[PDB]
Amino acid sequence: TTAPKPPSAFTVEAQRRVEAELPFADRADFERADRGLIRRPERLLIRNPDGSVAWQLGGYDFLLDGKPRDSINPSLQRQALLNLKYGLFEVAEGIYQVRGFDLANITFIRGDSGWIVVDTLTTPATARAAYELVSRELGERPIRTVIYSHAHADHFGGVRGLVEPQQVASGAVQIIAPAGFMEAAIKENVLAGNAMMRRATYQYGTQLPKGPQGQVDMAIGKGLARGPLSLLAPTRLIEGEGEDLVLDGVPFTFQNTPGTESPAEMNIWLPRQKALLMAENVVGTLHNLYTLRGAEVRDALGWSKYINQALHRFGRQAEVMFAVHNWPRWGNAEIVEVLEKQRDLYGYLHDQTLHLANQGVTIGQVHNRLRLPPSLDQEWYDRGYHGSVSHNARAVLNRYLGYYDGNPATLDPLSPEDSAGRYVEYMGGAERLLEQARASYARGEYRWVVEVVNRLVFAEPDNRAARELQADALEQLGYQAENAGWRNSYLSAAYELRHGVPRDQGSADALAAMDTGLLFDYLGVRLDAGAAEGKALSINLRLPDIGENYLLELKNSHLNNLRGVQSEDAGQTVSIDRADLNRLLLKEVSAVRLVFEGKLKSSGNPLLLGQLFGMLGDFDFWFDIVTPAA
């Protein structure tokens, strides 16, 4: 069958073990998450301008009664219910948050004459809804300052729902960010963007229903609001180690924590309230050193040290600690302990992964050997809801030693679709492998079943019996998973094995924010090597609006670009505003039109830029993951 199955006896038993192993009697988070509530609006529904729906929570009504569901890990169920504590809250005097309107929180700090707003959610409609809630409960006041705590779309993406460019231009609104915001806001999402976004469908569970056999939570929030991605550039950057400022009479200390959860990030200390806003360094979960959708491995050592610096600078004096995800902590001794343990969590993960690695434990083993000590294991905010000890330990190991385990048996591996037929043959053929795998399934050996049956799937991708057993086993693993990403991934893979992948199926602000060099780097990634083979051309590119020149050199099937160089020998020189180049690439405009408008001038051979663009391919979104290519 093609539908979700009940949790097996083995999965049920695994959930009871979770209950035996974790501190469910510690219910203090339920108090914390309701503390200071001003309004929880009754039927949240946020729509976008084009009529699409950005966010709603009605889907999670099944969680409200608190009754345990064996298709959900009970530790994950606990988090899922706590993340449903949404609405407008007071953190401290003149400090509020709107939580559960998006993946992240949005913070409103009362100024003498207006608000200082920290972060802006993922899309303008959710930010605007949050602001409207604030206005209704607390009174309407202008926003004079918007601060980006760090460079991720769930923090800067809704900025246009709060402010417009003319308010920035007139100086009515400042935008404050850590130095390195603009580079960090775009870079890592670009060159490998289609791969990352497709893989993220699994981690976010975008094709799953909301429900007990579907998506239930996203660890740091319910999920990501859907809508246009906005971004307005900072007018003031916090440099070096940080800075002390006064904003509309309120004193702010910014502590830059470069290269932890984001390349550009800062904590915020508010001495008048003794309130510490920990960016996304410290949330209600272990975070990602490595995000499954795919990016570079983060530095656990620097992350751990930056938390210790916060602890040393502010920990002694903090009365409340709050975050850009999840809920606050009140009281100095609690806050000190949370900081200490989070510092030591990332620290232990790092140091002990390398301790094992130095003993010869490989990237293929470390997750099955590394275990937190009780002092770190037994806090709810250290649980692997977003990150996991398992995939993080692997990541630290991969950061230091790479993907290769050291064993030359694995140095030149056959692609799995090329080794699959032989695995299957050696195992007695498809029916015999299925027979053996079903017996393994009936002993609950799901981690093994998904390994071996995946071989049959890759040998015989249209074998329905193998797809359905693989899916069943993956599902049970998803039911079992404490980690929301893991859960979403397993259930998504079962979904695609049962149903197949979608047959039926870019932000202008993001493009504007991309450095020109990176834009040409991406066009080089698009280059179709067959079309480029044996060609050679070069183009001088002049961009007067931004005062930058590039030299583009196509040769040996590689597109090169260099900032601030021109060649007397280039075959063509193209003058074009970056803003117009952007419009061209977003297909808001044609090349011919820009000529006619006096916006795209050319000397030399006028065909070369057209010829280069004609060499660029595109990528299909819905690539195969759990089977080989159709």
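Quick note: we count residues from 1 along the sequence shown, nothing fancier.
Visitor: Which class fits the unmodelled deposited stretch between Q505 and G506: none, 1 to 3, 4 to 9, or 10 or more?
Guide: The entry leaves 4 to 9 residues without coordinates here.
Visitor: Mean Cα B factor from the PDB record: higher for 529 to 537, or higher for 125 to 133?
Guide: Taking the mean B-factor of the alpha carbons in each, 529 to 537 is higher.
Visitor: Would you tell me which stretch averages the higher CA B-factor in the PDB entry, 507 to 515 or 256 to 264?
Guide: Stretch with the greater average CA B-factor: 256 to 264.
Visitor: Report the option among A295, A466, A310, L231 whose CA atom has the maximum B-factor in the deposited record.
Guide: It is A295.
Visitor: Taking the values exactly as deposited, rank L608 by C-alpha B-factor within its chain and report the matching third: lowest, middle or highest.
Guide: Ranked within chain, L608 CA B lands in the highest tercile.
Visitor: Please place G158 in the lowest, middle or highest third of its chain according to the CA B-factor in the PDB entry.
Guide: Ranked within chain, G158 CA B lands in the lowest tercile.
Visitor: Among the modelled residues of its chain, does the C-alpha B-factor of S8 lie in the lowest, middle or highest third?
Guide: Its C-alpha B-factor belongs to the lowest third of this chain's values.
Visitor: So where's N560 on the chain's Cα temperature factor ranking, which third?
Guide: For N560, the deposited C-alpha B-factor lands in the lowest third.
Visitor: Compared with the other modelled residues in the chain, in which third is the CA B-factor of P374?
Guide: Middle third, going by the recorded CA B-factors of the chain.
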